[PDB]
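>>> opening piece of the complex, as it sits:
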Amino acid sequence: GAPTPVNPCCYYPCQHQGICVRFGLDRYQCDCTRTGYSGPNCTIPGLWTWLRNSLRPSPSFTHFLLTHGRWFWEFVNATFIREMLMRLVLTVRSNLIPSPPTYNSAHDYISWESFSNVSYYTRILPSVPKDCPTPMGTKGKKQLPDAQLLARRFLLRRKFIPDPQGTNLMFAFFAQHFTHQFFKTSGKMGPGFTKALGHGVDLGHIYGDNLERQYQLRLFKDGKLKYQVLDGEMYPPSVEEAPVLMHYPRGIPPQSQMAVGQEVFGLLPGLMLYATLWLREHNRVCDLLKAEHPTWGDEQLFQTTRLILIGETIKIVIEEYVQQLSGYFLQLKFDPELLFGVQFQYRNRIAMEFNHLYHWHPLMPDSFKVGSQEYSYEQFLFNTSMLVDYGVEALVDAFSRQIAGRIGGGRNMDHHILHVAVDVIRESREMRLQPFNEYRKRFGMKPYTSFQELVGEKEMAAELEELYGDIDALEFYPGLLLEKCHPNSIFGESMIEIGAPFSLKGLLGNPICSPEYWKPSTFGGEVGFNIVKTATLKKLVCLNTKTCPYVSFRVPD
């Protein structure tokens, strides 16, 4: 007879990535192995770490240096300091992600099932044990706030708040397209599994997440994908030409449906726009390789073109996508040679927290203005002809001229897609993610002392306090999307400091960035190795279109 002692790991006693291990019935034991710190809680700093801890600048101070005084960055970008700084950004950001994946949605410990079964989403911090007092550990209330009252009172958009950095819809449809290749949650299996077993930039949203779908999408002649030429322009093939199951709506004839790598891409003109572009790019590279290598088979023309398009994707994401997102004056550079000196596992496992912080649905606008007229949400969604009605040139120019919404600060998510945020809050609770403050301590940040320190103003913090009860019990999604934005930035501090470790580890953590693959012979000679380099977003649109329209991630000024 006893009051059933509390699980000591509910208090999160370990600090600095210390592993809480339960011993006996009520004791714990923090494993501070190579965590830099020692002691019963990994709070006593070692010699080397006490030096770096008292010399590390504030994370909000580093972002200030990278966004002011442009004259200093003009010189850095034109010397070898740029390469030397890039080696520092890639090394420091990647050290936070475990080199082999530690845990997953079923095991809160190192295990061979967590390492081998690639059908699982991995994770960085283990889940809250089911025998904790509160559903968030030891702090907060006995029942979390309402999932819909949270999304309506804080996340629902009232009026469109533009992005201060000028990010356009061409970036939004790129983000949705580029991420659906490793964010594919299986509805039949559950909320912690993925059909995208590639776990990174495999372009599974172009060639299919399996092999049968890949064969049915390929022409098997000159290594090309099946292409359907419509009134002069080249579009992806019709569904009856490439009979792979697409999630097209019922009733629309197969002459209108278009088969692509992903199953859902045919439900938006923007998602179908990029799938048309990469298919034009894929068939474009196949012509340039057959010229250099006539004595090549069908398979080698395809598998070598895949690595090239994987190469262009990693470059455009590093030097244009992340660049626009950060707003840094320091020009980012995708050079895998910068990591040849460091120990860096060229493997990646998609974490369930990365899927979480990537819900940038506030990007989407109130309506979609394609040139002359202005399509509504019900007119834009599931439109099976707008891509062919306008062509790639018109839609690319149209999306590059409309501003997207600010991410941080909250109250900027359009109400047609507010239900996605409610599924995120619900999934975050069924995965049992640790509080927002506990994830900051994992990513080198002090926890928020008050609620006003999080949101920035007094009114929103007052309601967020009575709902949760404690700042150490705030969930992961609200803290990210309700955090106060940096001045003239797209989102708050915690979005940059947590999102950057996952991105660079997922981009440079590709086998093509390894010394074994980063050769010109991998991409079929120097002709193909120079397609990976010098690859821009304009060279993706304007090299595959009849005319060259305006295409970038910012709106004209």
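Everything's here; your move. Residues are numbered from 1 along each chain as shown, chains lettered A, B, ... in the order given.
>>> mind listing the helices for the stretch 301-450 of chain A?
With DSSP state H, counting those that start in this stretch, the ranges of helices along the stretch 301-450 of chain A come out as A:322-326, A:352-357, A:377-380, A:386-399, A:418-430, A:436-442.
>>> among these, which comes closest to residue A:235?
helix A:386-399 (6.6 Å; C-beta to C-beta). Any C-beta I mention is one placed from the backbone N, CA and C, and that applies to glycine too.
>>> check which helices and strands the one helix or strand residue A:501 maps to sits against.
Residue A:501 is part of helix A:493-507, with elements assigned from DSSP states H and E. Of the remaining helices and strands, those touching helix A:493-507 by 3 or more C-beta pairs under 8 Å, 6 or more residues apart in numbering; DSSP states H and E are helix A:59-65, helix A:81-94, helix A:322-326, helix A:352-357, helix A:436-442, helix A:476-481.
>>> residue contacts, residue A:102?
For residue A:102, the contact set (C-beta atoms under 8 Å, 6 or more residues apart in numbering) comprises A:110, A:114, A:122, A:123, A:124.
>>> let me fix that, I meant to ask about residue A:513.
Contact analysis of residue A:513 by C-beta under 8 Å, 6+ apart lists A:314, A:336, A:339, A:346, A:507.
>>> let's go with 7 Å and repeat that
Contacts for residue A:513 (C-beta atoms under 7 Å, 6 or more residues apart in numbering) come out as A:336, A:346.
>>> helix, strand, or coil at residue A:547?
At residue A:547 the chain is in coil, as set by DSSP: H, G, I helix; E, B strand; the rest coil.
>>> which non-adjacent residue is nearest it?
On the basis of C-beta to C-beta, 6 or more residues apart in numbering, the spatially nearest residue to residue A:547 that is not a chain neighbour turns out to be residue A:393, at 5.1 Å.
>>> returning to that earlier point: among the contacts of residue A:102, which are located in helices?
In this view, those that belong to helices under DSSP state H are residue A:114.
>>> save the contacts of residue A:102 as JSON lines, and put in distance to residue A:513 and neighbour count too.
Output for the contacts of residue A:102, formatted as JSON lines (distance: C-beta to C-beta, whole Å; neighbours: other C-beta atoms under 10 Å):
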{"residue": "A:110", "distance to residue A:513": "26", "neighbour count": "13"}
{"residue": "A:114", "distance to residue A:513": "24", "neighbour count": "21"}
{"residue": "A:122", "distance to residue A:513": "20", "neighbour count": "25"}
{"residue": "A:123", "distance to residue A:513": "24", "neighbour count": "25"}
{"residue": "A:124", "distance to residue A:513": "22", "neighbour count": "23"}
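>>> let's have the contacts of residue A:102 in JSON lines, adding distance to residue A:278.
Formatted as JSON lines, these follow (distance: C-beta to C-beta, whole Å):
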{"residue": "A:110", "distance to residue A:278": "38"}
{"residue": "A:114", "distance to residue A:278": "33"}
{"residue": "A:122", "distance to residue A:278": "27"}
{"residue": "A:123", "distance to residue A:278": "31"}
{"residue": "A:124", "distance to residue A:278": "31"}
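>>> here is chain B, add it in:
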Amino acid sequence: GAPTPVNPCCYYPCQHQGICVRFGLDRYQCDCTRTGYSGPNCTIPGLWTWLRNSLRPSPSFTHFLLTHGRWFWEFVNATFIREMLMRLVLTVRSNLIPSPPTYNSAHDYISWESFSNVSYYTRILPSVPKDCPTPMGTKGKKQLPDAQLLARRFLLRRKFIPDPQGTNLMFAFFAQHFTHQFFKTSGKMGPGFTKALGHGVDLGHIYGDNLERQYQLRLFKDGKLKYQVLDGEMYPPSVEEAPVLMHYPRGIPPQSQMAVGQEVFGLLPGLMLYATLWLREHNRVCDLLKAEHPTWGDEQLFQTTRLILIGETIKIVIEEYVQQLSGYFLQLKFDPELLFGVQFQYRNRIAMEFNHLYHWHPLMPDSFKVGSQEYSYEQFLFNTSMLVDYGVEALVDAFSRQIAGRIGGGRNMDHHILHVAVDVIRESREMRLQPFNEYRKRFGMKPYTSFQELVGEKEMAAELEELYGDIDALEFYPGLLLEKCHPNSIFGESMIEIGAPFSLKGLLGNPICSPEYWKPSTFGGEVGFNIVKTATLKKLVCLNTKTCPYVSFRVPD
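One more chain to add, chain B, which I have set with the ones above:
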């Protein structure tokens, strides 16, 4: 109209791991990227490589230093020079294996299908193109020698030639058991595929190569495996208790069959001996963890014990298995911390050449002497009661007292298993492996100038020449098993210089050897982390048996 020019890569023009790339119709282009050398054939040495190339000792000279003058090695083993040398052996041997796997049985080039589809055997050197003059490239005859006349005239044993190092059958049954966890060729798919997707030391031959087989083999109580206690001793469960398909012979009742991880282990008393031992070891560790962690579930008791047994396997293979095999006076040490300074991918992909050089069937003796009597091959094979008739103690002592056969030099493969060598020569030809000399140049060795330089004597070289026609056309299997043995060694030079890169890369290339996993919390506290360390072969037998018999890899002297 033309004579259809020869494929220039049939001449293997590139040297020093240079990649032959075909350009146009008849030209080639060697990619010497980071190969150390430059020029049209990667034959012109760079500055750093010309220094190391004129200062690298002979591979037959390094083996002489490690096998003579024991007094010098007494001091090295008792100082930090042992650790410093071990860091050198692990780093230099592993640099030959590609960090991500380069090619496989279907692609002779870097490709995402070669990297992602783990159902393939990878490879180090690409295959001979189908448009080469000879089946071995450009040298040799138009038809390779007979597969059976080669195995009967050179590989077939005449009289038993013992192992000069004293390797016993306890080593042989360990080798066959330990390797069947990553050497499982799928008969239905073909000769280049594997059912052992773990690709390393996953102990899939204990817990099953899939998940359904794992569940059906587990007791799901205290994380143990289903165990069948027979007359006091603990044996693996009967097949009707763990209904997973075993390849037991037809007719024998299920009361006699025993279900284990692998399907074939029930066809030898030696294979069933180790499966009984590890099952006793697995259920032994489960008792030691439940004491330290009472508040643990069934899953964590199992998955943590798996990592411990994976840890003991890597240690016993490094410090006892490879140690006995090498005969070095330098004591080998399994310390993953020695690779924390080097860039080392803690991932492994099983190569088809590693499956090749591991055909040590000359280990098997003429007959099996179990204590008093002497069982023949037809009495030993498929014996469903000898393990229970004698117990683990008797069979372990019996196998540790009988010498095994020499591997190199040829003419030492027992005729009951000579058909395995014929399948190896046939598989080597259907995989189209490069000549034996071309694999030596890949593993830092000069090619054999003559046939006498290979075998050592005049008569065997004379017949091997008229069969093949050229020393640059000798296949991979005969060159390995017909090579002249080192003085008083188990096999020749090329077996040590090619086998060591694959082993250390496959042992240290495990995620548990990574800094992220090599913590005491991974193995459930310091109690379990010290089971991985100090784990010996005697502590595997004598800690799970009633009596402690003689158990080692050598025979008493």
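>>> what do you get for the contacts of residue A:102 once chain B is counted?
The neighbours of residue A:102, taking C-beta atoms under 7 Å, 6 or more residues apart in numbering or on different chains as the test, are A:110, B:516.
>>> hmm, try it at 8 Å
Residues in contact with residue A:102 (C-beta atoms under 8 Å, 6 or more residues apart in numbering or on different chains) are A:110, A:114, A:122, A:123, A:124, B:516.
>>> among the residues you listed, which are in strands?
Within the contacts of residue A:102, residues falling in strands by DSSP state E are A:122, A:123.
>>> how's chain A carved up into domains?
A:6-46, A:47-556 (curated CATH domains).
>>> and residue B:530, which of those is closest to it?
Using C-beta to C-beta, the domains of chain A put domain A:6-46 closest to residue B:530, at 14.0 Å.
>>> ends of the closest one, what's the gap?
This stretch, domain A:6-46, spans 31 Å end to end (C-alpha to C-alpha, to the nearest Å).
>>> residue A:19 bridge partners, please.
In this entry, residue A:19 is beta-bridged to residue A:31, by DSSP bridges.
>>> what residues are up against residue A:490?
Here residue A:490 is in contact with A:163, A:164, A:165, A:167, A:325, A:327, A:406, A:407, A:408 (C-beta under 8 Å, 6+ apart).
>>> the residue nearest to the fourth one when sequence neighbours are not counted: how many residues sit nearby?
Leaving aside its sequence neighbours, residue A:167 sits nearest to residue A:404 (C-beta to C-beta, 6 or more residues apart in numbering or on different chains; 4.8 Å). As a burial measure, the neighbour count of residue A:404 was computed by other C-beta atoms under 10 Å in any protein chain shown and equals 28.
>>> so which residues of the stretch 1-150 of chain A form strands?
Using DSSP state E, counting those that start in this stretch, the strands of the stretch 1-150 of chain A run over residues A:19-23, A:27-31, A:37-38, A:44-45, A:103-104, A:122-123.
>>> please see if the fifth one touches chain B.
No - judged by C-beta under 8 Å from any C-beta of the partner chain, strand A:103-104 and chain B are separated, with a smallest distance of 11.0 Å.
>>> can you name the residue of the stretch 251-400 of chain A nearest to chain B?
residue A:303 (3.7 Å; C-beta to the nearest C-beta).
>>> in this structure that residue contacts residue B:111, no?
Yes - using C-beta atoms under 8 Å, residue A:303 is in contact with residue B:111, at 3.7 Å.
>>> any idea which residue is closest to the centre of chain A?
residue A:358 (5.1 Å; C-alpha atoms, centre = their mean).
>>> now the closest residue to residue A:538 other than its chain neighbours: which helix or strand?
Counting by C-beta to C-beta, 6+ apart, residue A:538 lies nearest to residue A:551, which is 5.3 Å off, once chain neighbours are set aside. Assigned by DSSP H and E, residue A:551 falls within no helix or strand.
>>> list the contacts of residue A:551.
A:170, A:396, A:397, A:400, A:537, A:538, A:541, A:542.
>>> I appreciate the help and will end here.
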